[PDB]
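**Q** Have a look at this one before I ask anything.
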Amino acid sequence: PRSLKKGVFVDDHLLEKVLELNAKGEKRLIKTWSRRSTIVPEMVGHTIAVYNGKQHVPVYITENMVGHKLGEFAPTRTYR
Amino acid sequence: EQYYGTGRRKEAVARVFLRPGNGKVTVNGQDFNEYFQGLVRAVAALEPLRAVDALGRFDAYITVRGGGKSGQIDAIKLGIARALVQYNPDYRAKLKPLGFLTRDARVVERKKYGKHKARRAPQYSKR
Amino acid sequence: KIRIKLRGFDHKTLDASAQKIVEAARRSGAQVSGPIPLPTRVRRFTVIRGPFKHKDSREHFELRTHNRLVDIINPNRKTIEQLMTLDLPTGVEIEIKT
Amino acid sequence: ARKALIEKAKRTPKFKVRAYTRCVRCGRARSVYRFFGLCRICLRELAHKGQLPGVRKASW
Amino acid sequence: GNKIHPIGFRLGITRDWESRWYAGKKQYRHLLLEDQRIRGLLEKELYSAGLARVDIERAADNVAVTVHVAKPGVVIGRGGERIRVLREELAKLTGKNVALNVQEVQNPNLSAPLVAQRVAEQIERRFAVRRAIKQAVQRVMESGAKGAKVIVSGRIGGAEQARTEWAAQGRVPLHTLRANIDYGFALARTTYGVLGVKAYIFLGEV
Amino acid sequence: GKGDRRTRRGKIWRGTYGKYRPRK
Amino acid sequence: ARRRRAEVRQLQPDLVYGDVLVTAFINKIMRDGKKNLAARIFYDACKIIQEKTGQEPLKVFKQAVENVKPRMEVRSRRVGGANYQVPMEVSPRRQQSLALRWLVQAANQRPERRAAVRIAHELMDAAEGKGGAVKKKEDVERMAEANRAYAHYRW
RNA sequence: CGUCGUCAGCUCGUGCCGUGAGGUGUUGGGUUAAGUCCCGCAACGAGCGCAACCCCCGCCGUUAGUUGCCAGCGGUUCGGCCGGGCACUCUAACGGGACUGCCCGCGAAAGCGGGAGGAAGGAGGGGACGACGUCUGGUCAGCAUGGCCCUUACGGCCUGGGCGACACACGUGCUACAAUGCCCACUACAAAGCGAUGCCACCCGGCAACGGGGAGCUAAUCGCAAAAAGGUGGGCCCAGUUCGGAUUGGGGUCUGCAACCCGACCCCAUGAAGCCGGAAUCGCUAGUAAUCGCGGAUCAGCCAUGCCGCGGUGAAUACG
Ligand SMILES: [K+]
Ligand SMILES: [K+]
Ligand SMILES: [Mg+2]
Ligand SMILES: [Mg+2]
Ligand SMILES: [Mg+2]
Ligand SMILES: [Mg+2]
Ligand SMILES: [Mg+2]
Ligand SMILES: [Mg+2]
Ligand SMILES: [Mg+2]
Ligand SMILES: [Mg+2]
Ligand SMILES: [Mg+2]
Ligand SMILES: [Mg+2]
Ligand SMILES: [Mg+2]
Ligand SMILES: [Mg+2]
Ligand SMILES: [Mg+2]
Ligand SMILES: [Mg+2]
Ligand SMILES: [Mg+2]
Ligand SMILES: [Mg+2]
Ligand SMILES: [Mg+2]
Ligand SMILES: [Mg+2]
Ligand SMILES: [Mg+2]
Ligand SMILES: [Mg+2]
Ligand SMILES: [Mg+2]
Ligand SMILES: [Mg+2]
Ligand SMILES: [Mg+2]
Ligand SMILES: [Mg+2]
Ligand SMILES: [Mg+2]
Ligand SMILES: [Mg+2]
Ligand SMILES: [Mg+2]
Ligand SMILES: [Mg+2]
Ligand SMILES: [Mg+2]
Ligand SMILES: [Mg+2]
Ligand SMILES: [Mg+2]
Ligand SMILES: [Mg+2]
Ligand SMILES: [Mg+2]
Ligand SMILES: [Zn+2]
């Protein structure tokens with residue numbers, strides 16, 4: 001039962017920093033602190049380093065995860 | 001012609017207007033039984049009349065506001081009790097002994113702090 | 001035919017204010033609607049007595065606001081004079097519409 | 001109430017949300033009333049002094 | 001740690017407020033903060049005069065500040081120089097054309113706040129606490145009063161073991177409402193720490 | 001019971017409204 | 001009750017039979033102060049005993065009660081490192097209490113789905129000398145007596 | 001501030017007694033809820049506590065009518081709507097009322113039992129109020145404060161994370177295990193409160209949450225607001241079941257810069273444990289307990305089933 005409304009939120013920090021990295025092909029890594037941002041189509045194929053609070057984690061974003069958030073892939077706590 | 005009282009119970013007041021007639025009773029524009037739809041208590045309200053063989057010589061128009069049905073039932077009991085003596089002080093002599101003329105003072109006791117509700121105190125363990 | 005409102009925190013500051021008006025304009029205007037007592041609106045504050053823990057003590061404080069009406073009909077000429085500028089109560093506030 | 005933190009007064013919140021109240025008398029953020037801009041402690045104190053007009057000891 | 005403020009307890013009767021002004025949920029908090037800010041500069045200034053109370057009446061941009069003191073002269077100044085400077089300092093803080101009456105105390109030995117201040121001072125001047133107390137209780141008892149009582153906190157004479165000195169005469173019924181007991185608290189900064197003075201003065205009843 | 005959000009009591013208890021308890 | 005001896009609450013006569021003992025039984029039936037719901041239950045039962053029986057419900061009632069009152073019971077006590085079931089006579093006030101309580105208790109043990117039926121049957125079933133309410137009453141008396149050896153501990 | 005504990009009790013002055021610590025008074029007999037009052041007494045009084053003075057509830061009255069009403073009448077779009085009137089109900093200021101005063105019985109008294117008149121009867125019910133002191137109680141993280149300690153960091157700013165981890169254990173609660181019940185209709189009866197960029201009538205759209213439009217109120221006058229338990233009718237028929245709503249999959253709506261960690265809400269699907277709970281243990285003496293719903297503070301929103309209040313229905317029992 002998830003929901004935002006109308007305006008699939010995305011911090012432009014990386015957006016206009018990825019939609020641009022599309023023009024000159026692709027790239028290698030984009031470390032961000034904005035795990036708030038929603039993953040979107042034009043991200044597929046990229047690799048975003050998401051800060052979990054102590055480190056930036058490598059995340060090869062794929063089609064199957066186009067609707068999820070970035071934090072969802074950078075687990076916060078360390079357990080057993 | 002007319003005879004008034006009032007009667008109050010658990011914070012519920014009622015206008016009791018007695019008049020010579022059959023036994024018709026209008027409560028907020030409804031038949032006694034129309035208002036007290038199946039509430040075994042009801043009968044009580046008119047008890048003051050039966051006390052003095054009345055009912056079969058009187059009629060009553062009642063207005064009521066505040067509280068709840070059973071509280072209103074009692075307000076009416078006191079109103080009708082007062083109105084009856086308003087029509088004849090000699091009614092006290094035998095109407096009083098049955099209490100009818102007393103206002104029930106007991107009301108919802110205040111909710112104190114530290115308790116769960118006035119008296120119910122919180123549950124404590126390993127004391 | 002003036003409608004005046006009298007609110008406050010002291011119930012004697014308003015009685016010595018609604019009558020401060022009526023009696024005056026009671027000899028120059030209509031016989032007035034007398035002072036009408038509008039119900040009060042109470043504001044409660046409940047506080048834990050001590051600074052730390054002890055969430056079972058608490059003390060109760062209320063800020064009750066009293067109200068009045070008066071309401072004199074016949075906005076006469078000799079009325080707005082015995083009144084107008086002869087105020088006294090200081091903890092009162094006044095509204096006027098008619 | 002670290003002086004540095006009583007910077008709350010700083011309109012500039014960047015985002016209206018982040019703006020929160022604080023006791024105007026002790027800086028206490030944890031239990032401040034709106035109608036007084038005072039926390040439950042400072043409030044109890046001044047009320048006792050009689051410096052809070054109209055405010056009395058409620059009993060019933 | 002029991003017993004309520006003897007004043008806050010007596011605001012209904014035998015005791016009026018120190019601020020008489022109506023307000024609504026939109027102003028109250030402000031006219032309050034200010035109303036306080038006033039007592040701020042005031043009490044930090046008029047100290048020497050010996051300010052026992054500061055009533056504040058309001059009407060509408062009108063401020064009826066009434067500084068009560070024992071030495072109404074320290075308020076005024078040379079001819080009338082202070083009650084000019086300050087009276088201007090006030091309207092400077094809050095642009096509200098503020099008045100600023102001044103009253104003398106018919107006996108500063110019946111001003112609980114003062115008695116506290118007095119004793120509280122002697123403490124910083126390193127006096128013998130018990131003496132001060134007994135004395136104060138005397139002054140008050142002498143110049144009228146049906147009862148009186150002073151209380152000092154602890155670390156008396158720089159002692160490591162904080163204590164509490166007593167002293168009192170005549171009636172001082174904190175429980176009876178219609179008592180009319182003035183009360184005053186005086187602090188007491190020191191080379192070794194804080195002490196606390198409390199003054200109680202019982203006068204008349206009904 | 002009061003814990004069944006798809007019932008009258010459910011809504012009332014949770015002080016909400018919806019299909020199972022619309023505003024009259 | 002350390003000071004006085006608590007006077008017994010005097011109840012309001014029945015709305016129908018003008019009986020105080022009825023109000024009691026009703027009260028015991030009642031739970032969560034639903035005196036209306038209570039009253040009805042008893043009454044419907046009265047009409048059920050009125051049908052399946054030719055006798056008047058009020059009288060059937062009285063009887064059952066009378067049959068379920070215990071005249072003896074054992075009250076436990078401490079005596080030199082040991083607890084003893086001391087037979088004790090049973091106070092009239094307490095009898096009526098135990099009787100009315102038991103009926104209702106037993107009644108709600110019955111299998112019949114409808115409340116009033118359960119009260120109905122249990123009540124009439126009681127006046128007949130049978131029923132779980134009466135069995136309790138008997139077990140209690142059997143409990144007492146059966147410890148008459150500890151009767152000298154009068155209490 | 002908590003606590004012993006609203007438990008009574010803790011003391012002083014002078015006198016008297018004792019070498020002295022100290023004692024007497026405050027012990028004793030009667031009586032109270034009370035060191036409450038009486039009687040006695042080498043003591044006579046007083047202070048802090050009891051009590052009383054303050055608040056709420058219960059009966060009545062006097063000013064005072066933008067909320068009551070055919071009460072009585074004239075109009076009727078039968079809505080107290082309009083005219084009209086303050087009687088009534090209320091609203092809120094001020095007073096009256098109870099004193100063991102009266103009668104009987106018992107006392108020596110204080111008082112005790114009982115009876116009348118009274119709304120109320122012997123502290124009418126609830127609250128505020130908690131003595132000298134005890135716990136080296138609690139709080140240096142509300143604030144204040146002596147002393148120590150850091151002063152490109154033990155100060156300051158951000159972005160992100162954590163305070164929301166989990167094999168597991170306990171406290172306090174919530175919702176239940178059902179027929180004195182659950183569901184859907186229809187219809188009743190409250191009290192306190194809160195609301196001008198805030199309550200939000202009504203209308204339209206949507207299953208709905210909610211969107212769009214929009215009247216009204218500075219609010220006894222408009223809104224929150226439905227009262228729920230009840231009452232009436234109908235369904236379920238004893239089943240883990242039309243009990244119970246945990247968990248999980250979807251699809252949405254709001255607040256907010258932003259709901260992954262970590263929001264509430266709606267709708268569909270899912271439909272867990274649970275059949276009344278071992279040893280042990282908590283509350284409450286009556287409008288109390290038990291049940292039912294309603295408001296508020298904080299607050300954008302909310303993790304409130306928590307607190308703090310409000311009113312409806314309304315028991316059982318106390319030998320001792
Ligand atoms: K200590
Ligand atoms: K489960
Ligand atoms: Mg209740
Ligand atoms: Mg608690
Ligand atoms: Mg708390
Ligand atoms: Mg600081
Ligand atoms: Mg905030
Ligand atoms: Mg805050
Ligand atoms: Mg269900
Ligand atoms: Mg006591
Ligand atoms: Mg002596
Ligand atoms: Mg000797
Ligand atoms: Mg000697
Ligand atoms: Mg002595
Ligand atoms: Mg002694
Ligand atoms: Mg002694
Ligand atoms: Mg002795
Ligand atoms: Mg005494
Ligand atoms: Mg005694
Ligand atoms: Mg003596
Ligand atoms: Mg310690
Ligand atoms: Mg400890
Ligand atoms: Mg320090
Ligand atoms: Mg935590
Ligand atoms: Mg673990
Ligand atoms: Mg809970
Ligand atoms: Mg629609
Ligand atoms: Mg979140
Ligand atoms: Mg199972
Ligand atoms: Mg079953
Ligand atoms: Mg008790
Ligand atoms: Mg709630
Ligand atoms: Mg909120
Ligand atoms: Mg949560
Ligand atoms: Mg809630
Ligand atoms: Zn504060």
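Residues in the structure tokens are named by chain (A, B, ... in the order shown) and by number from 1 within that chain; ligands are numbered from 1 in the order shown.
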Any idea what's packed within 10 Å of residue 96 in chain B, counting only C-alpha atoms (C1' of nucleotides), ignoring anything in its chain fewer than 4 positions away? Could you give it as a compact mmCIF listing (two decimals) with N, CA, C and O atoms, in the first residue's frame?
**A**
```txt
# COMPACT_ATOMS: atom_id res chain seq x y z
N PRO B 48 -45.36 8.73 40.34
CA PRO B 48 -45.91 9.69 41.30
C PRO B 48 -47.44 9.84 41.22
O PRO B 48 -48.10 10.07 42.24
N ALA B 81 -43.96 15.07 40.19
CA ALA B 81 -44.15 15.00 41.64
C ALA B 81 -44.40 16.38 42.22
O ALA B 81 -45.23 16.56 43.13
N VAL B 85 -48.16 18.55 43.74
CA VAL B 85 -48.32 19.25 45.01
C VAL B 85 -48.63 20.71 44.71
O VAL B 85 -49.11 21.46 45.57
N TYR B 91 -51.03 16.66 49.03
CA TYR B 91 -50.48 15.47 48.40
C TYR B 91 -49.14 15.06 49.02
O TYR B 91 -48.80 13.88 49.05
N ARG B 92 -48.39 16.05 49.51
CA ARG B 92 -47.10 15.79 50.16
C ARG B 92 -47.26 14.68 51.19
O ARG B 92 -46.65 13.62 51.08
N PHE B 100 -40.31 10.53 46.22
CA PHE B 100 -40.67 11.29 45.02
C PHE B 100 -40.34 12.78 44.97
O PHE B 100 -40.04 13.32 43.90
N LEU B 101 -40.40 13.44 46.13
CA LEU B 101 -40.12 14.86 46.23
C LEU B 101 -38.65 15.23 46.44
O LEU B 101 -38.33 16.40 46.64
N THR B 102 -37.76 14.24 46.40
CA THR B 102 -36.33 14.49 46.61
C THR B 102 -35.53 14.48 45.32
O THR B 102 -35.76 13.62 44.47
```
**Q** Let me see if you get this right: every residue at most 9 Å from ligand 5, counting only C-alpha atoms (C1' of nucleotides) and all ligand atoms, written as a PyMOL selection string.
**A** (chain B and resi 114) or (chain C and resi 48+53-58) or (chain H and resi 306-307)
**Q** For residue 31 in chain D, find every residue with an atom within 10 Å (counting only C-alpha atoms (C1' of nucleotides)), except residues of its own chain fewer than 2 positions away, and show them as a list in words.
**A**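 The residues satisfying every condition are residues 47 of chain C; 21, 22, 23, 28, 29, 33, 34, 37, 38, 39, 40 and 41 of chain D; 142 and 298 of chain H.
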**Q** Produce as an NGL selection string the set of residues near ligand 29, where near means within 9 Å with only C-alpha atoms (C1' of nucleotides) and all ligand atoms considered.
**A** :H and (240 or 273-275)
**Q** Take the residues from that selection and write them out as a PDB file, in the first residue's frame, keeping N, CA, C and O atoms (P, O5', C5', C4', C3', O3' and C1' of nucleotides).
**A**
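Output contents, as saved in again_36.pdb:
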```pdb
ATOM      1  P     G H 240     -14.771 -25.883  14.198  1.00  0.00           P
ATOM      2  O5'   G H 240     -13.732 -24.682  14.252  1.00  0.00           O
ATOM      3  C5'   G H 240     -13.277 -24.036  13.045  1.00  0.00           C
ATOM      4  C4'   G H 240     -13.433 -22.547  13.184  1.00  0.00           C
ATOM      5  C3'   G H 240     -12.548 -21.684  12.296  1.00  0.00           C
ATOM      6  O3'   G H 240     -13.252 -21.444  11.065  1.00  0.00           O
ATOM      7  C1'   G H 240     -12.545 -20.902  14.551  1.00  0.00           C
ATOM      8  P     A H 273      -3.862 -19.898  13.218  1.00  0.00           P
ATOM      9  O5'   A H 273      -3.512 -19.416  14.696  1.00  0.00           O
ATOM     10  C5'   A H 273      -2.168 -19.510  15.209  1.00  0.00           C
ATOM     11  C4'   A H 273      -2.006 -18.623  16.420  1.00  0.00           C
ATOM     12  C3'   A H 273      -2.992 -18.849  17.557  1.00  0.00           C
ATOM     13  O3'   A H 273      -2.573 -19.889  18.428  1.00  0.00           O
ATOM     14  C1'   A H 273      -2.820 -16.532  17.101  1.00  0.00           C
ATOM     15  P     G H 274      -3.667 -20.858  19.093  1.00  0.00           P
ATOM     16  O5'   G H 274      -4.687 -19.873  19.808  1.00  0.00           O
ATOM     17  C5'   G H 274      -4.252 -19.067  20.912  1.00  0.00           C
ATOM     18  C4'   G H 274      -5.245 -17.971  21.186  1.00  0.00           C
ATOM     19  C3'   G H 274      -6.649 -18.435  21.529  1.00  0.00           C
ATOM     20  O3'   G H 274      -6.765 -18.678  22.916  1.00  0.00           O
ATOM     21  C1'   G H 274      -6.747 -16.738  19.879  1.00  0.00           C
ATOM     22  P     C H 275      -7.305 -20.095  23.436  1.00  0.00           P
ATOM     23  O5'   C H 275      -8.794 -20.187  22.893  1.00  0.00           O
ATOM     24  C5'   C H 275      -9.745 -19.208  23.300  1.00  0.00           C
ATOM     25  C4'   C H 275     -11.066 -19.845  23.646  1.00  0.00           C
ATOM     26  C3'   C H 275     -11.070 -21.081  24.536  1.00  0.00           C
ATOM     27  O3'   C H 275     -12.064 -20.972  25.544  1.00  0.00           O
ATOM     28  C1'   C H 275     -12.312 -21.477  22.534  1.00  0.00           C
TER      29        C H 275
END
```
**Q** Compile a residue-level contact table for chain H against ligand 7 at a cut-off of 10 Å, reporting for every qualifying residue the shortest atom pair and its distance in Å to one decimal, with only C-alpha atoms (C1' of nucleotides) and all ligand atoms counted, rows ordered by chain and ascending number, as a Markdown table.
**A**
```
| residue | atom | partner | partner_atom_place_in_ligand_line | distance |
| --- | --- | --- | --- | --- |
| H:299 | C1' | ligand 7 | 1 (Mg) | 7.4 |
| H:300 | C1' | ligand 7 | 1 (Mg) | 7.4 |
| H:301 | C1' | ligand 7 | 1 (Mg) | 9.3 |
```
**Q** So that I have them on file, write out the residues from the current selection with N, CA, C and O atoms (P, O5', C5', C4', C3', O3' and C1' of nucleotides), as a PDB file, in the first residue's frame.
**A**
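This went into selection_22.pdb:
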```pdb
ATOM      1  P     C H 299       3.775  22.288  19.578  1.00  0.00           P
ATOM      2  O5'   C H 299       3.158  21.510  18.334  1.00  0.00           O
ATOM      3  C5'   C H 299       3.923  20.517  17.629  1.00  0.00           C
ATOM      4  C4'   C H 299       3.031  19.745  16.692  1.00  0.00           C
ATOM      5  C3'   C H 299       2.344  20.556  15.609  1.00  0.00           C
ATOM      6  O3'   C H 299       3.183  20.717  14.468  1.00  0.00           O
ATOM      7  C1'   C H 299       0.748  19.202  16.698  1.00  0.00           C
ATOM      8  P     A H 300       2.946  21.969  13.488  1.00  0.00           P
ATOM      9  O5'   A H 300       1.549  21.626  12.792  1.00  0.00           O
ATOM     10  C5'   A H 300       1.023  22.414  11.706  1.00  0.00           C
ATOM     11  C4'   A H 300       0.900  21.571  10.454  1.00  0.00           C
ATOM     12  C3'   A H 300       0.303  20.184  10.629  1.00  0.00           C
ATOM     13  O3'   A H 300      -1.124  20.233  10.600  1.00  0.00           O
ATOM     14  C1'   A H 300       2.218  20.093   9.213  1.00  0.00           C
ATOM     15  P     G H 301      -1.976  19.113  11.378  1.00  0.00           P
ATOM     16  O5'   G H 301      -1.347  17.757  10.830  1.00  0.00           O
ATOM     17  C5'   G H 301      -1.660  17.287   9.513  1.00  0.00           C
ATOM     18  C4'   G H 301      -0.880  16.036   9.198  1.00  0.00           C
ATOM     19  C3'   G H 301      -0.916  14.930  10.242  1.00  0.00           C
ATOM     20  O3'   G H 301      -2.097  14.142  10.205  1.00  0.00           O
ATOM     21  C1'   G H 301       1.313  15.277   9.544  1.00  0.00           C
TER      22        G H 301
END
```
**Q** Show me, as a PyMOL selection string, the residues that have an atom within 10 Å of residue 4 in chain A when counting only C-alpha atoms (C1' of nucleotides), minus same-chain residues fewer than 2 positions from it.
**A** (chain A and resi 2+6-9) or (chain H and resi 252-254+259)
**Q** Within 9 Å of ligand 12, counting only C-alpha atoms (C1' of nucleotides) and all ligand atoms, which protein or nucleic acid residues do you find, written as number ranges by chain?
**A** H: 18-20
**Q** Residues at most 9 Å from ligand 15, using only C-alpha atoms (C1' of nucleotides) and all ligand atoms? Could they come as a PDB file with N, CA and C atoms (P, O5', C5', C4', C3', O3' and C1' of nucleotides), in the first residue's frame?
**A**
```
ATOM      1  P     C H  10       4.271  13.020  67.791  1.00  0.00           P
ATOM      2  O5'   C H  10       4.882  14.314  67.103  1.00  0.00           O
ATOM      3  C5'   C H  10       5.843  14.198  66.049  1.00  0.00           C
ATOM      4  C4'   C H  10       6.348  15.564  65.666  1.00  0.00           C
ATOM      5  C3'   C H  10       6.948  16.398  66.789  1.00  0.00           C
ATOM      6  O3'   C H  10       8.309  16.105  67.067  1.00  0.00           O
ATOM      7  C1'   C H  10       5.419  17.717  65.569  1.00  0.00           C
ATOM      8  P     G H  25       1.220  15.054  80.905  1.00  0.00           P
ATOM      9  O5'   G H  25       0.770  16.431  80.233  1.00  0.00           O
ATOM     10  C5'   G H  25      -0.002  17.402  80.978  1.00  0.00           C
ATOM     11  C4'   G H  25       0.121  18.776  80.354  1.00  0.00           C
ATOM     12  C3'   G H  25      -0.251  18.897  78.887  1.00  0.00           C
ATOM     13  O3'   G H  25      -1.667  19.043  78.742  1.00  0.00           O
ATOM     14  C1'   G H  25       1.785  20.054  79.313  1.00  0.00           C
ATOM     15  P     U H  26      -2.357  18.905  77.287  1.00  0.00           P
ATOM     16  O5'   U H  26      -1.942  17.468  76.751  1.00  0.00           O
ATOM     17  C5'   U H  26      -2.599  16.918  75.601  1.00  0.00           C
ATOM     18  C4'   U H  26      -1.671  16.012  74.834  1.00  0.00           C
ATOM     19  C3'   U H  26      -0.944  14.949  75.648  1.00  0.00           C
ATOM     20  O3'   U H  26      -0.898  13.766  74.854  1.00  0.00           O
ATOM     21  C1'   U H  26       0.611  16.305  74.496  1.00  0.00           C
ATOM     22  P     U H  27      -1.938  12.569  75.128  1.00  0.00           P
ATOM     23  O5'   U H  27      -1.373  11.886  76.447  1.00  0.00           O
ATOM     24  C5'   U H  27      -0.297  10.937  76.401  1.00  0.00           C
ATOM     25  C4'   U H  27      -0.209  10.222  77.721  1.00  0.00           C
ATOM     26  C3'   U H  27      -1.552   9.686  78.190  1.00  0.00           C
ATOM     27  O3'   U H  27      -1.802   8.382  77.689  1.00  0.00           O
ATOM     28  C1'   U H  27      -0.628  11.040  79.884  1.00  0.00           C
TER      29        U H  27
END
```
**Q** Residue 30 in chain A: which residues within 8 Å, counting only C-alpha atoms (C1' of nucleotides), same-chain residues fewer than 6 positions away excluded, as a list in words?
**A** residues 14, 47, 48 and 49 of chain A
**Q** Would you mind telling me which residue in E:45, E:142, E:34, E:57 lies nearest to residue 91 in chain E when using only C-alpha atoms?
**A**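 Closest residue, counting only C-alpha atoms: E:34.
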**Q** Write out as JSON, numbers by chain the residues lying within 8 Å of residue 7 in chain F, counting only C-alpha atoms (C1' of nucleotides) and excluding same-chain residues fewer than 3 positions away.
**A** {"F": [1, 4, 10, 11, 20, 21]}
**Q** Using only C-alpha atoms (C1' of nucleotides) and all ligand atoms, determine which residues fall within 10 Å of ligand 11, then list them as a ChimeraX atom specification.
**A** /H:12-16,23-25,43
